[PDB]
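Remarks on the structure that follows.
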Amino acid sequence: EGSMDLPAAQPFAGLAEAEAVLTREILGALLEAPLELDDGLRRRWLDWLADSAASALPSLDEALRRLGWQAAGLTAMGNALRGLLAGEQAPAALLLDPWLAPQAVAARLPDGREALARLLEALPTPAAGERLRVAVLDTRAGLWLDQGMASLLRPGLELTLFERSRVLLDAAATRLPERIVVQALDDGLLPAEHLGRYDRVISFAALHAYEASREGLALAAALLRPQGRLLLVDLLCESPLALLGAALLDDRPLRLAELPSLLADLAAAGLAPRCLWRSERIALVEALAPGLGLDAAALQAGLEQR
């Protein structure tokens with residue numbers, strides 16, 4: 001059911017150039033103190049200069065006028081990244097920071113704010129006067145939702161935050177407002193009493209950070225209320241800043257998807273999509289789930305039956 005006709009007009013290569021100049025600026029921050037990296041990444045930071053900036057991608061400080069973070073936000077990035085690496089606090093301190101966490105940087109720089117704002121919509125709940133139930137799967141430390149928080153919150157809304165961690169969700173529950181419910185995929189695993197619960201489920205700039213899209217999509221499909229809507233965005237291009245802000249993990253870039261590949265995976269997940277905005281930078285997608293015939297009460301009946 002894999003429909004796509006994507007509006008690719010709000011994207012332009014000047015967003016990538018803007019990020020590549022932001023790469024020039026944050027390279028120009030950490031390359032004054034790259035000794036706190038490992039040597040494999042310290043060489044790769046010289047290669048990340050080579051693969052961006054005045055080497056491969058020369059462009060104006062107009063970048064910082066595009067990106068929505070000025071040189072003051074970038075100063076917080078450069079300084080926090082030095083403080084992180086001096087203490088050897090990688091990976092976790094990369095995630096525990098809005099200026100560095102791969103999705104939280106995505107949530108402004110590759111126009112993932114505009115993606116976050118559209119993904120914050122498709123939630124008719126206060127206008128419907130209706131209990132619209134939502135999960136986030138890509139939560140981690142949550143510091144991307146922070147950037148939409150003031151209208152991710154809506155009347156009628158029910159919202160719950162998920163990830164494969166206790167620590168990063170205790171972090172999220174702290175720094176995002178405590179009126180949002182928080183639920184780990186505790187030790188990598190969903191409590192089944194949530195199944196069929198959420199009229200919507202959210203992924204954001206971390207679908208690559210599942211071991212396949214087939215992991216996250218299939219968790220979402222049944223965590224969704226039957227015929228609910230997946231709400232999704234991801235990095236498809238690895239951002240020139242994510243060449244720093246994700247590869248600091250020294251995890252594989254081979255994680256990232258192409259949009260037709262995602263639509264095929266999403267069709268394998270049986271969801272029926274529309275891809276909608278921010279494209280190769282950050283592709284917004286929504287998709288209708290099937291009638292699974294599956295909810296926590298249906299599973300309870302699956303006991304009572306047998």
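Residue numbering restarts at 1 in every chain; chains get A, B, ... in the order shown in the structure tokens, and ligands count up from 1 in that same order.
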Near segment 269-282 of chain A, within 9 Å and counting only C-alpha atoms, which residues show up once chain neighbours fewer than 2 positions away are dropped, as an MDAnalysis selection string?
-> chainID A and resid 1:12 15:16 106 110:112 114:115 118 205 214 217:218 221 227 229:230 233:239 258:259 263:267 284:290
Write out as a tab-separated table (two decimals) with N, CA, C and O atoms, in the first residue's frame which residues come within 10 Å of residue 212 of chain A when counting only C-alpha atoms, dropping same-chain ones fewer than 6 positions away.
```tsv
chain	number	residue	atom	x	y	z
A	255	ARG	N	23.46	1.99	9.28
A	255	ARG	CA	22.16	2.23	9.92
A	255	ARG	C	21.16	3.02	9.06
A	255	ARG	O	19.97	2.71	9.10
A	256	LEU	N	21.58	4.08	8.36
A	256	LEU	CA	20.63	5.02	7.75
A	256	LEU	C	19.90	4.42	6.54
A	256	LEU	O	20.43	3.60	5.80
A	257	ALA	N	18.65	4.84	6.37
A	257	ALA	CA	17.77	4.40	5.29
A	257	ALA	C	17.74	5.35	4.07
A	257	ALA	O	18.08	6.53	4.16
A	265	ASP	N	9.97	-1.29	3.69
A	265	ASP	CA	9.94	-1.82	5.06
A	265	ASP	C	8.60	-1.56	5.75
A	265	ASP	O	8.06	-2.41	6.45
```
From the list A:294, A:243, A:249, A:104, which residue is nearest residue 50 of chain A when using only C-alpha atoms?
->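 With only C-alpha atoms as the atom set, the closest residue is A:243.
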Where does DSSP see strand (DSSP E or B) in segment 212-297 of chain A, if you list the residues as a VMD selection string?
-> chain A and resid 224 to 235 272 to 277 282 to 288
Contacts of segment 144-147 of chain A at 7 Å or less, counting only C-alpha atoms, minus same-chain residues fewer than 6 places along, as a ChimeraX atom specification?
-> /A:98,103-104,107,176
Write out as an MDAnalysis selection string which residues come within 10 Å of residue 57 of chain A when counting only C-alpha atoms, dropping same-chain ones fewer than 6 positions away.
-> chainID A and resid 16:21 23:24 49:51 240
Write out the residues from the selection above, keeping C-alpha atoms, as an mmCIF file, in the first residue's frame.
```
data_model
loop_
_atom_site.group_PDB
_atom_site.id
_atom_site.type_symbol
_atom_site.label_atom_id
_atom_site.label_comp_id
_atom_site.auth_asym_id
_atom_site.auth_seq_id
_atom_site.Cartn_x
_atom_site.Cartn_y
_atom_site.Cartn_z
ATOM 1 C CA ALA A 16 23.333 20.644 3.693
ATOM 2 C CA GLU A 17 25.890 23.467 3.000
ATOM 3 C CA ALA A 18 24.606 25.218 6.139
ATOM 4 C CA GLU A 19 25.176 21.998 8.114
ATOM 5 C CA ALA A 20 28.615 21.549 6.454
ATOM 6 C CA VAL A 21 29.613 25.073 7.599
ATOM 7 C CA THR A 23 30.586 21.176 10.620
ATOM 8 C CA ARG A 24 33.398 23.742 9.841
ATOM 9 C CA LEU A 49 37.128 18.232 8.061
ATOM 10 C CA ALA A 50 38.216 16.680 4.726
ATOM 11 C CA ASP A 51 34.587 15.478 4.063
ATOM 12 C CA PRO A 240 27.134 16.948 7.893
#
```
Quick one, how far is atom CA of residue 166 of chain A from atom CA of residue 204 of chain A?
->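 So the two atoms, atom CA of residue 166 of chain A and atom CA of residue 204 of chain A, lie 19.1 Å apart.
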